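Worksheet: the structure to be examined is printed underneath.
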Amino acid sequence: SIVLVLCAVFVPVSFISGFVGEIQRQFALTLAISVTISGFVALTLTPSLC
Amino acid sequence: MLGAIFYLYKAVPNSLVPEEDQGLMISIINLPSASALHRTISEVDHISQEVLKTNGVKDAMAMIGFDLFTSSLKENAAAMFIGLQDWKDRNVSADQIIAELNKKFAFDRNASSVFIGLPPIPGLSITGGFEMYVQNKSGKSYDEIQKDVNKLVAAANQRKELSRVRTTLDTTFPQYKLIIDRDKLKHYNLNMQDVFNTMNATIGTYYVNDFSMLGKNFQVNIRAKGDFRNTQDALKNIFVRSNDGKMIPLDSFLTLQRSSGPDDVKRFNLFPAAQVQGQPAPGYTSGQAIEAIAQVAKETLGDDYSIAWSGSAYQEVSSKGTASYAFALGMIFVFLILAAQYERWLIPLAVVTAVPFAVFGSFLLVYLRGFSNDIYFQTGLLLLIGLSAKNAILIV
Amino acid sequence: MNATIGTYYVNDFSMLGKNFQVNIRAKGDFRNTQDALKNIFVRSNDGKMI
Amino acid sequence: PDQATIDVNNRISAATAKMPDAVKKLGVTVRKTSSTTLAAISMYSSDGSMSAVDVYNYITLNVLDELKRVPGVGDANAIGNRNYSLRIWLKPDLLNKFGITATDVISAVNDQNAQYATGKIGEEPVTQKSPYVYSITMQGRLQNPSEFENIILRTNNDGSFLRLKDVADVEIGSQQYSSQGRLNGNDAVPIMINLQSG
Amino acid sequence: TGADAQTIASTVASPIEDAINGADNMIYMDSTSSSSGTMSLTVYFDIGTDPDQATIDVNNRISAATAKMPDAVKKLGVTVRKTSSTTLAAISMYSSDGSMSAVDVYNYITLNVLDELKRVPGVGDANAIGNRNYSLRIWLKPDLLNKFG
Amino acid sequence: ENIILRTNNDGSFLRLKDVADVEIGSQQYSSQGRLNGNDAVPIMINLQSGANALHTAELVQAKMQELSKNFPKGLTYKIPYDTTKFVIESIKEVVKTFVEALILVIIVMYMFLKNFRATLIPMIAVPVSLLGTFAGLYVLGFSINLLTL
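This is the structure in structure tokens:
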């Protein structure tokens with residue numbers, strides 16, 4: 447839910463163009479790819495390591 | 546708390562993106578239109594030493610006789626490139642240095658001398674602050690436009706949000722014309738090409754051809770080294786040969802007369818326009834000034850005028866209220882996904898009420914600290930939908 | 744020839760805010776062409792009009 | 101369309117080589133354009149206010165360029181011209197009376213409708229180092245038609261002057277011979293409105 | 051060369067504008083016509099737009115308008131190119147011991163320095179304030195001129 | 249100078265130098281440059297459209313240092329107006345802000361998970377995630393930049 451709710455907001459704002467759009471999409475994409483990977487590590491690597 | 550957010554929304558001014566203290570700042574100096582270069586060299590040096598003994602500045606470099614905007618040589622204009630000490634050496638921000646220097650020279654009557662910081666994003670403009678164009682769709686003349694715009698820049702400098710509004714339109718430049726007696730020209734029996742070439746080869750510059758030396762390629766120009774007191778003197782000693790050997794002076798058939806027009810003339814988006822510039826009064830936001838110039842221009846200009854923004858103000862006005870759509874989208878998809886993932890329409894409804902507390906806390910702190918409603922701030926608000934839901938999801 | 748039967752382009756000038764071509768053309772009444780060839784003269788290098 | 105417009109552009113340079121000299125001196129131009137006609141306007145005089153060429157002149161002076169304005173218009177073409185002219189109408193009869201050839205009026209207009217010149221007062225070489233700097237111009241280019249008329253052809257001994265007005269009329273644009281429009285059996289000027297390619 | 055700002059603006063600047071107007075993705079354009087006989091038109095395109103595409107897009111419409119120019123303008127050409135208002139550095143050259151005056155210095159930058167800096171990649175312009183290169187100047191002395199006729 | 253103006257009857261010649269002065273370039277008294285009060289010729293270094301301003305300034309200062317070898321007498325140079333020193337700095341301070349933030353989270357995490365292995369295991373997310381999204385930016389055609397940082 448955490449990963450989803452964070453792609454839920456940023457994935458659609460990373461379709462917008464413009465001065466604001468190109469600025470914001472630097473954040474949206476970096477956050478959305480990171481928190482996604484961070485969920486995959488927590489669903490696989492984190493419990494396995496523990 | 547919900548309505549509190551509303552009032553806090555109004556209380557926060559808007560901007561686009563901060564205008565960093567980049568360790569540099571610039572100065573645009575403008576002596577009265579008639580002035581000669583040596584008066585400008587004179588006035589610069591005064592400004593340049595007063596600047597150089599100001600606290601934060603390390604060095605100062607000056608392009609005297611040069612228009613930083615039209616990138617060309619004008620003798621009554623100057624441009625100074627000021628550099629500040631290293632950030633870990635100064636006790637003063639550039640926005641203070643700029644404001645201090647501006648208050649000082651607010652009355653220097655020998656020249657106009659504005660101080661300005663660099664643009665927020667490297668290419669958005671030449672200088673910081675704002676730029677707009679007042680366009681005339683009446684058909685009016687640049688001497689009429691000049692008057693109208695002057696009334697604006699006047700009222701614009703009275704507003705508490707603006708500071709150092711100006712306009713580059715200068716139609717006061719003294720300009721002499723040489724009227725030609727075409728009848729006297731043929732009585733004296735003169736080749737008119739020979740006459741104009743004579744004019745250029747003396748008072749202006751006549752380009753002949755090029756040669757080559759030192760592995761470079763140079764021009765060959767002809768100019769006059771004569772010491773002429775007034776202009777009517779010069780026309781008496783510059784001669785041109787009639788077709789039948791006679792040597793007529795220009796004094797005869799040419800008759801000098803003094804009018805006054807522009808030197809540069811600007812159009813913007815297919816209309817003749819005047820180029821207004823300025824910056825916001827210290828402590829006021831980019832959008833706060835933009836709101837004030839516009840308000841003034843609705844009280845200073847007639848229906849046959851309009852204004853057209855440029856650079857770091859065109860962006861801000863073109864992207865005004867683009868904050869909602871991005872924010873409202875996120876809320877919808879957030880609610881939809883949680884509706885799905887948890888098979889209830891109301892479990893997301895109890896997550897989605899976590900966000901108003903996040904935008905309350907974000908507006909409260911920016912308003913406490915005098916910050917503004919800018920792009921970086923609005924992007925953070927988007928992050929708080931995701932991050933406050935994470936807190937609500939965990940309970941719900 | 745071009746200044747009489749056709750159109751001759753000399754140069755241009757600016758007026759009314761626009762730029763305009765300047766064209767020479769003869770308005771003589773053409774009874775035909777083999778007699779229009781009789782009123783159109785052009786002087787020789789030795790002053791005689793042919 | 102642009103990858104083609106440039107792949108053409110590139111080959112044009114290679115063949116400008118073998119062109120006759122007379123083409124080069126005018127230039128070979130290429131552009132992306134459409135085989136279209138968005139609309140075709142028709143202007144006319146309800147009564148007999150304007151003539152059939154008073155309308156054409158108004159269209160050319162205001163209308164035609166104000167339609168070049170409106171965006172996405174490839175062309176706004178009134179059917180009857182390329183450029184636009186001040187025309188000198190040589191009157192060959194009076195030409196032969198006063199002793200003037202056509203090669204004398206070509207030279208007179210070519211010489212007396214000259215160009216500009218510009219210099220500065222206070223220019224540190226040619227000067228006295230003074231306050232104030234002025235810029236002086238000399239406008240040997242003609243501006244109104246009445247100046248063309250007074251282009252002095254020959255310099256008479258008794259002081260007076262044989263000017264161009266004494267040998268030709270000087271008109272202003274128009275000269276409708278080329279084309280003629282009709283809208284429902286009425287004299288009208290057609291303006292075809294093209295659509296910008298894309 | 052020779053025409054006032056007012057005329058250049060009306061018969062040089064606007065022909066080019068009315069042509070360029072209608073470009074793909076252009077937001078606005080400023081035009082400054084000068085008493086020094088120079089017209090400068092600057093077309094601005096939307097944020098995130100192919101630069102080099104706009105340059106050829108413009109250069110296209112320009113040759114269509116080149117025929118409506120005054121005859122004197124075509125004579126020495128009309129040139130379009132992409133460029134940015136982003137001055138990144140400014141060098142100062144000076145004679146520390148007052149030997150190279152202020153014009154011997156300028157003469158040294160022209161021949162040896164300005165070309166070496168124009169070289170280095172990523173630099174668009176690289177100009178000393180003032181002359182374009184420098185010219186062999188023939189200074190007419192009007193006194194001796196009339197003295198020898 | 250010895251362009252001959254009139255041919256005489258002695259067989260001598262009037263030459264251009266006798267009615268004019270032929271000096272080669274160096275034309276100022278239209279612009280003066282001052283650095284801190286002194287005469288100085290300012291060279292402006294513009295940035296061409298689309299170029300890494302960060303790297304290009306390194307080259308400019310490098311070549312100027314090479315031209316210093318030739319600079320006769322007290323002819324030195326300064327770069328009083330470097331725009332890239334602000335880029336280089338604000339980057340340093342964003343890497344500072346990164347390392348600082350990375351440590352503050354380690355502390356808030358160790359303080360809450362109490363022991364070391366309890367803290368190292370969740371830390372592996374920080375490389376694997378952050379490091380990973382660079383492979384995403386590369387594919388989607390993005391860049392590292394201030395906003396990304």
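If you read the protein sequences in the order shown, they are chains A, B, C, D, E and F.
Oh and the first sequence: position 40 is 486 in full-length UniProt numbering, straight run, nothing missing.
Oh and the second sequence: position 7 is 552 in full-length UniProt numbering, straight run, nothing missing.
Oh and the third sequence: position 24 is 767 in full-length UniProt numbering, straight run, nothing missing.
Oh and the fourth sequence: position 22 is 122 in full-length UniProt numbering, straight run, nothing missing.
Oh and the fifth sequence: position 8 is 58 in full-length UniProt numbering, straight run, nothing missing.
Oh and the sixth sequence: position 104 is 352 in full-length UniProt numbering, straight run, nothing missing.
For each residue, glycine too, the CB sits at the ideal point set by N, CA and C.
In chain order, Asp-211, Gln-212, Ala-214, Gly-240 make up the part of chain D whose C-beta sits under 7 Å from the C-beta of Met-737 of chain B. Note on geometry: alpha-carbon atoms of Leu-379 of chain F and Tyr-386 of chain F lie some 12 Å from one another.
Note that the stretch 342-350 of chain F does not touch the stretch 578-586 of chain B; fewer than 3 beta-carbon pairs, one per stretch, sit closer than 8 Å.
For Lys-191 of chain D, same chain residues with a beta-carbon under 8 Å away, outside a window of 5 residues either side, are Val-267, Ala-268, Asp-269 in chain order. Across the structure, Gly-98 of chain E and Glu-565 of chain B are spaced so that their CA atoms are roughly 23 Å apart. Check the Cα spacing between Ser-135 of chain E and each of B:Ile-666, B:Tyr-554, B:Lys-603: the tightest is with B:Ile-666.
Among the residues facing chain C, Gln-243 of chain D is included, as its CB has a counterpart in that chain under 9 Å away. Listed in chain order, the alpha helix (DSSP H) elements of length 4 or more contained wholly in the stretch 823-902 of chain B are 831-845, 859-863, 867-887. About 4 Å separates the beta carbons of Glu-676 of chain B and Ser-855 of chain B, which is inside the 8 Å limit, making them a contact pair.
If you draw a straight line from the Cα of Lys-197 of chain E to the Cα of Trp-189 of chain D, it is about 48 Å long. Here the alpha carbons of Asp-631 of chain B and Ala-639 of chain B stand approximately 11 Å from one another.
A residue is called buried once 16 or more other Cβ atoms fall within 10 Å of its Cβ, and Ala-556 of chain B, having fewer, is exposed. According to the DSSP assignment, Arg-768 of chain C belongs to the beta strand (DSSP E) that extends over 761-769. By the neighbour-count criterion, in which a residue is buried when 16 or more other Cβ atoms sit within 10 angstroms of its Cβ, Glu-306 of chain F is exposed. Distance between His-303 of chain F and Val-335 of chain F, taken at the CA atoms: about 11 Å. Beta-bridge partners assigned by DSSP to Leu-195 of chain E: none are found.
At least 9 Å separates the CB of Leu-780 of chain C from every CB of chain D.
Per DSSP, the continuous beta strand (DSSP E) segment holding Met-76 of chain E begins and ends at 76-84. Counting only the Cα atoms, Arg-187 of chain D lies some 24 Å from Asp-287 of chain D.
Around the beta carbon of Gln-777 of chain B, fewer than 16 other beta carbons sit within 10 angstroms, so the residue counts as exposed.
Beta-bridge partners of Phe-784 of chain B (DSSP): B:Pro-794. Annotation: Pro-290 of chain D is outside any alpha helix (DSSP H); the continuous beta strand (DSSP E) that includes it extends over 287-293. Contact annotation, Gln-472 of chain A with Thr-396 of chain F: C-beta distance approximately 5 Å; criterion of less than 8 Å satisfied.
DSSP places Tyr-184 of chain D outside both helix and strand once states are collapsed to three, so it counts as coil. By the 16-neighbour rule on beta-carbons within 10 angstroms, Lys-619 of chain B is buried. As the crow flies, the alpha-carbon of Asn-621 of chain B is around 57 Å from that of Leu-932 of chain B. Excluding five sequence positions before and after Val-481 of chain A, the CB atoms of its chain that fall closer than 6 Å to its own CB belong to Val-449, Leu-452, given in chain order. Interface residue (Cβ-Cβ distance to chain E less than 9 Å): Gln-276 of chain F is classified as such. Nearest CB-CB separation between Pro-563 of chain B and chain F: not below the 9 Å threshold.
With the rule of 3 Cβ pairs closer than 8 Å, the stretch 313-332 of chain F counts as touching the stretch 136-145 of chain E.
At a Cβ-Cβ threshold of 9 Å, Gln-215 of chain D and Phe-741 of chain B count as neighbours. With a contact defined as Cβ atoms closer than 8 Å, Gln-820 of chain B and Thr-712 of chain B qualify at about 6 Å. For a cut-off of 8 Å, the C-beta gap from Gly-322 of chain F to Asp-100 of chain E is around 49 Å, too long to register as a contact. Annotation: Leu-735 of chain B to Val-785 of chain B spans about 8 Å, alpha carbon to alpha carbon.
Per the Cβ contact rule, the stretch 587-597 of chain B is not in contact with the stretch 483-495 of chain A (fewer than 3 Cβ pairs under 8 Å). A Cβ-Cβ separation of about 19 Å leaves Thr-218 of chain D out of contact with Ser-230 of chain D under the 8 Å criterion.
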